[PDB]
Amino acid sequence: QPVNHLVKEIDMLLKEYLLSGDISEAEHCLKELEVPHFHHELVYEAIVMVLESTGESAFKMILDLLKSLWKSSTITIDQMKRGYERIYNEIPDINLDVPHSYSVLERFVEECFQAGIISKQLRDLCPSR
């Protein structure tokens, strides 16, 4: 299948962030991509990475990154909502591939909510609940 160059760039951005821990580099590189109508894919891939990870490091790092992106007005509310809603749609299959993803997703959603970055509606829509 032909390469989706922007999915690749988003995945590379997120992996560079997990490996370096550099939140500013991640934010700068996302802005340089100039893809504000595809930020839902950044959210989607980020959350998939949390679900596919081990230990607590990727969870916290991706939490802090989405916190900063929201709070800095880098991601619009429509793009935030679409990214989470995409995860909510695909979680049955992600959970088959990675058991207990419903529980991880739920903890992630609860922490996002506690951080002030998603509506109570969007929280409530999480299918783990």
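From 1 onward, residues are counted along the sequence shown.
Worksheet entry | Mean Cα B-factor comparison, 93-101 or 80-88, giving the higher one as deposited | That would be 93-101.
Item to complete: Tell me which of 50-58 and 66-74 has the higher mean C-alpha B-factor in the deposited entry.
Response: Looking at the record's C-alpha B-factors, the answer is 50-58.
Worksheet entry | Cα B factor band for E106 (lowest, middle or highest third within the chain) | Its C-alpha B-factor, which the entry lists for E106, ranks in the highest third among residues of this chain.
Practice prompt. Taking the chain's C-alpha temperature factors as the reference, tell me which third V3 falls into: lowest, middle or highest.
Written response: According to the entry, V3 has a C-alpha B-factor in the chain's highest third.
Item to complete: State the tercile, meaning the lowest, middle or highest third, of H37 with respect to the CA B-factors recorded for its chain.
Response: For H37, the deposited C-alpha B-factor lands in the highest third.
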